[PDB]
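Chains as they are written, first to last, in the authors' numbering: chain D, 1 to 13, 24 to 69; chain D', 1 to 13, 24 to 69; chain D'', 1 to 13, 24 to 69; chain B, 11 to 261; chain B', 11 to 261; chain A, 3 to 287. A prime marks a further copy of an entry chain.
Ideal Cβ placement from N, Cα and C applies to all residues, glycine included.
Structure first, commentary second.
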Amino acid sequence: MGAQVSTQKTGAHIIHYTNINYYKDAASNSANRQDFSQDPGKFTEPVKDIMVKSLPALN
Amino acid sequence: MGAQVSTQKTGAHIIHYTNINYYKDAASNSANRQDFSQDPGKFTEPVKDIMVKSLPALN
Amino acid sequence: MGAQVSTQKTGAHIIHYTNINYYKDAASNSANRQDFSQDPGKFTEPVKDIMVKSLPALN
Amino acid sequence: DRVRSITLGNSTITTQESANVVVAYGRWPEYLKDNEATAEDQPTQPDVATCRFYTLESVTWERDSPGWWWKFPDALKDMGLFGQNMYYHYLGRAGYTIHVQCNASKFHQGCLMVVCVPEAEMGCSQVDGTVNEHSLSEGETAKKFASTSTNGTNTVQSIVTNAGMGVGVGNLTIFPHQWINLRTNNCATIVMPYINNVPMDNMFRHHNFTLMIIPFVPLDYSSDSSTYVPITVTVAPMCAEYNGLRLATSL
Amino acid sequence: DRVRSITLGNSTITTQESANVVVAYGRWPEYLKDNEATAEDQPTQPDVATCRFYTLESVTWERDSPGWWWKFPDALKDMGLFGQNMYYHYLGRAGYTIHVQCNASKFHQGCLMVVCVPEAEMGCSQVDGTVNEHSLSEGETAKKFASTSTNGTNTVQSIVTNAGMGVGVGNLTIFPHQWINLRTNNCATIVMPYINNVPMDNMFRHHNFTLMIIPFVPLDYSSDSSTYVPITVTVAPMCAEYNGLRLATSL
Amino acid sequence: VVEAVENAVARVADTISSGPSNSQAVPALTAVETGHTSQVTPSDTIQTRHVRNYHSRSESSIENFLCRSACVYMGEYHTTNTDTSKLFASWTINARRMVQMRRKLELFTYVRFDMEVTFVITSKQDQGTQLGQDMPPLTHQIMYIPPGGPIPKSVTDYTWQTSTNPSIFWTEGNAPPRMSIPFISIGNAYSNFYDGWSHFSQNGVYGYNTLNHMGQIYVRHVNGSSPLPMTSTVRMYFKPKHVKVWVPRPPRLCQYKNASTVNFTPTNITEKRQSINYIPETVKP
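So this is what it looks like as structure tokens:
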């Protein structure tokens, strides 16, 4: 009946849960707490020419 | 991990959600808001012989 | 994204929902309200020899 | 179908008027397994010196008798090698077979309830007070239920209708039980497994279950029928295990 | 090779300094078969209430101790359900496991002979006389051999050299036996089958065998070593059977 | 990713059609002496029609029966006094002081579950002759102390540092605070009844208090203020989830007396009527 089943946050070294949406608007849904992407190069490496890190930066 | 994924209530003219059950008793689950069945003939047509609606009711 | 989709509680005579788990511990999940098992013979028939119910109990 | 024989160790019980056998919750006694143990030393298992029928002393069923109870263990702490293995170890574990006998003639009448109650915690006749262990148990001698409300200090509130636990006595059928109806049968038999919230326990500190014998229909008879009608209990431990050997405790 | 464990019923014996086990004549105890029976009624077999280790009371081994003896059965007639099954039947039959314990330090010395004698018929200290049963046995208490010739009436002629039977004591090795040498081992074990000229017998009337413990090398020790050295016996019946149920006899 | 989880609905048994009979089968004759309860249905004693039954036993499962919030404790504390012990509230944790939840729990011998805990805090002004002042929002602190931890002596004690104890800080006008607790017991399941002692000599403390030992709760005002005194009341609510129970018992008949014992006053079995045949007549013109 439009049920979503997904995994729970556990540790490392039965574990899933169920959700049903009750309302017609998506602004009524609960938060999206399980999306973990990254793109740090946008802020730390914003240069036109690539820098190898074992080579000198100049010359 | 026992996750249920089902569709959300939208309009007509990304749209699903996730649920996990945390407790051992089913009386702890949330309401079943997305079941829409009907059977009106039980109250509006409770007669032994069928009535066609283009034919006369009697004779 | 680890979403669980399962059926809602309806009547008899669109109906599913979505769940996502947000936390790392399973003690944070919601209750398990949709598990309905039974085993009454443990309390009503705890005898060593089987009793047929159409036969006499003794003799 | 009414005849039965039970053998344990070097002891045997025969009966010719039995109803059936109750297995407490569909579970037979058994030894502790490896994925449920916590104590690490190798346990001892005597297996015929402890697992056999011991007989307690009898009570007299009279025309106005309220009933009797015993506490297990602590009713078998002076019984042979079971009691000696109880005195030298810290942890013990066992199931039981209980057998109650009471015979009478076809001109007598009466009905008894035989019930085993796990964790039967009891209350004092003074509500602003606490109980002591002498009022709870006398070993192989039975405690006696009362006929009215009890008073005085240090005694247990023992009017039969509340079973000394604050409940209705007619609901005790939720526990493992049988009936002795004098026109039908003359013995009751219950097989009880080990029931606790921990896998082993100390046998002097904790009463695992109480045995209650309560007459619902009093004993009646006529002109020159026999007046003396006794009731007798016999108990046998099963799958007995002990852990933690040290010097013998002293009560 | 020196460690051993024996389980019977609900009882267990461990030992860490054993020699071996003697099986009386290469024959283990067993039940009576159909082509050797004469009594026709169905026999009872308790099987864990009777077949278990019972411990008698201990004796004190002193520097000048002649020795001790017991009679079997009649030393177990007040032991649990074995004794009760003895009192209600006319015929009984059983084998036995005997275990004798005596430990001491590596600075002590002494040597004991442990022997089982079938049909040990004894003589009176008065040659023109007859013996009585009190002089033959005291149940779980031991009779004591003497140091010289005995006199007076009604006592058994009990100087150790003749073993009270008119033989040489050094020849008793013809019977099933073991030795306890204090520098070597600390326990003896003998397994005895049923030995008689008839398949069953009455257990109050007939002594099937006598157990004798006789020191050949006396106990010796020095300045401040322990002086108290006890000896202990433990016996377990095996394959026990009874026939001929009637009312209980009275001695 | 999406995972479909199936839920089996469980309904009651249908009744089957049955006709006349004349035979040696005697389904209605039994013997209660065996300890067995008869499994006879109406179709074994009368003539029946076929009915398709759609009823479900969903609201009588243990989880739906026990998964509701109940009050277990209420307490008071002041912002200003002359006692310095009435400036904070403290209590030992159990579920034995409010009779409704505790009678509901005592239908079973052993229970095991996680918990959801909620707090409801309210404040009020103490009756004084001169009123009138504006007060900023009040903040409250709740600290849980497991057995063995140091105990506060006042509202300014160093122990409210809460370096390792878990605490809640809250301010009035917001939603009630809430948190979840796992199954914390040194045993394999909780024990509601204990027929034993604490000392091996069969004396000491008897019954329930031997086994619980689950810490304490302390609550205070954080502002340290209010020349005109105020008074707060805190209420605590428990809600069990992920439940398992064993060994059912007969429900409590007598009224409770205190939180430590099972002590009671003898009570009747029921109330009376006129005679063993009395019938109330309800069809009269």
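Short-range partners of chain D'' found in the stretch 124 to 143 of chain B, where Cβ spacing is below 8 Å:
Residues are counted here when their Cβ sits less than 8 Å from a Cβ of chain D''; for the stretch 124 to 143 of chain B the count is zero.
Hey, which unbroken runs of the alpha helix (DSSP H) at 4 residues or more fall wholly within the stretch 201 to 234 of chain B'?
Secondary structure remark: continuous alpha helix (DSSP H) runs of at least 4 residues inside the stretch 201 to 234 of chain B': none found.
So what's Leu-101/B' in DSSP terms, helix, strand or just coil?
The DSSP-derived three-state label of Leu-101/B' is strand.
Under the three-state DSSP convention, the category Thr-50/A falls into:
DSSP places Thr-50/A in strand when its eight states are reduced to three.
CB of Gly-37/A within 9 Å of CB of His-217/B, strictly
Their beta carbons are not under 9 Å apart, which means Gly-37/A does not touch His-217/B by this criterion.
CB-CB under 8 Å to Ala-250/B, same chain, minus the five flanking residues each way: which ones, in chain order?
If we look at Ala-250/B and ignore the five residues flanking it on each side, its Cβ neighbours are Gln-55, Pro-56, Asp-57, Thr-60, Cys-61, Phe-92, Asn-95, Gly-102, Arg-103, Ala-104.
Range covered by the beta strand (DSSP E) that runs through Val-5/D':
From DSSP, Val-5/D' is part of no beta strand (DSSP E); its letter is neither H nor E.
Closest Cβ-Cβ distance between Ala-12/D'' and chain D': below 9 Å?
Judged by the 9 Å Cβ criterion, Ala-12/D'' is in contact with chain D'.
Continuous beta strand (DSSP E) stretch holding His-142/A: start and end
Boundaries of the beta strand (DSSP E) around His-142/A: 141 to 147.
Chain-ordered neighbours of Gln-55/B on chain B', where CB pairs are closer than 9 Å:
Per Cβ cutoff of 9 Å: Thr-17, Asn-20, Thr-22.
Any beta-carbon of chain B closer than 9 Å to the one on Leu-86/B'?
With 9 Å as the cut-off, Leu-86/B' does not count as an interface residue toward chain B.
Proximal chain A residues relative to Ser-40/D, where beta-carbon distance stays under 9 Å:
Within chain A, no residue comes near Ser-40/D; the closest Cβ sits about 16 Å away, beyond 9 Å.
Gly-120/B in three-state terms, based on DSSP
Reduced to three states, the DSSP call for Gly-120/B is strand.
Under 9 Å Cβ-Cβ, which residues of chain A neighbour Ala-3/D'?
Per Cβ cutoff of 9 Å: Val-3, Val-4, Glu-5, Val-7.
Comparing alpha-carbon positions, which option in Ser-159/B, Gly-19/B, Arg-12/B lies nearest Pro-66/D''?
With distances taken between Cα atoms, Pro-66/D'' lies closest to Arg-12/B.
Okay, do the stretch 135 to 154 of chain B' and the stretch 207 to 215 of chain B' touch, 3+ Cβ pairs below 8 Å being the bar?
Too few Cβ pairs lie closer than 8 Å, so no.
Interface residues of chain D around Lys-34/D'' at Cβ under 7 Å?
Under the 7 Å cutoff, chain D gives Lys-9, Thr-10, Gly-11.
Please report the distance separating the alpha-carbon of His-13/D' from that of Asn-39/D.
Approximately 21 Å between the Cα atoms of the pair.
Contact check, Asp-45/D' vs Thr-10/D'' under 8 Å by CB: the rounded distance?
About 3 Å separates the beta carbon of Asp-45/D' from that of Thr-10/D'', a gap short enough to meet the 8 Å contact definition.
Residue from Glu-129/B', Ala-246/B', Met-89/B', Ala-49/B' with nearest C-alpha to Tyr-100/B'
Among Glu-129/B', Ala-246/B', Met-89/B', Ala-49/B', the Cα nearest to that of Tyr-100/B' belongs to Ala-49/B'.
Take the Cβ of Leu-192/B' as the centre, count every other Cβ of all protein chains shown within 10 Å, and call the residue buried at 16 or more, exposed below.
When all chains shown are included, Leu-192/B' counts as buried.
Leaving aside the five residues before and after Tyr-32/D along the sequence, list all residues of the same chain whose C-beta is less than 8 Å from its C-beta, in chain order.
Cβ within range, chain order: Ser-38.
When DSSP labels each residue in this structure, what does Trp-79/B get in the three-state scheme?
In the structure shown, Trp-79/B sits in a strand (DSSP, three-state: E or B).
Kindly say whether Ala-258/B', judged by its beta-carbon, lies nearer than 9 Å to any beta-carbon of chain E.
Looking at the structure shown, chain E is missing, and the protein chains on hand are D, D', D'', B, B' and A.
What's the C-alpha gap between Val-5/D' and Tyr-27/D''?
Taking the straight line from one Cα to the other gives about 6 Å.
Shortest alpha-carbon distance to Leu-86/B belongs to which of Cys-134/B, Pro-247/B, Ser-233/B?
Ranking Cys-134/B, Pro-247/B, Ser-233/B by CA distance to the CA of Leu-86/B puts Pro-247/B first.
Candidates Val-208/B, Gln-167/B, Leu-18/B, of which the one nearest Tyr-112/A by Cα:
Closest option to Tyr-112/A, Cα to Cα, is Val-208/B.
Can at least three beta-carbon pairs, one atom from the stretch 113 to 120 of chain B' and one from the stretch 221 to 238 of chain B', be found at a separation below 8 Å?
Judged by Cβ distances under 8 Å, the stretch 113 to 120 of chain B' makes contact with the stretch 221 to 238 of chain B', as three or more pairs qualify.
Does any residue of chain A have a CB that is nearer than 9 Å to the CB of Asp-45/D''?
So yes, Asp-45/D'' belongs to the interface.
For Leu-255/B, write down the residues that DSSP places opposite it in a beta bridge.
BP columns for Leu-255/B point to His-99/B.
Give me the Cα-Cα distance between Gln-167/B and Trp-248/A, rounded to the nearest whole angstrom.
Near 27 Å, if we compare the C-alpha coordinates of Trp-248/A and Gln-167/B.
Please check if any C-beta of chain D' sits within less than 9 Å of the C-beta of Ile-64/A.
With its beta carbon less than 9 Å from one in chain D', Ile-64/A belongs to the interface.
Chain D within 9 Å of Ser-6/D', Cβ atoms only
Chain D contact via Cβ: present.
Against chain A, does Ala-67/D' count as a neighbour if the rule is that its beta carbon must be under 9 Å from one of theirs?
So, not an interface residue.
Pull up the DSSP beta-bridge partners for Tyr-239/A, would you.
Bridge partners of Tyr-239/A: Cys-73/A, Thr-120/A.
If you scan the stretch 116 to 183 of chain B from start to end, which runs of the beta strand (DSSP E) of 3 or more residues do you find wholly inside it?
Counting only runs of 3 or more, we get 119 to 128.
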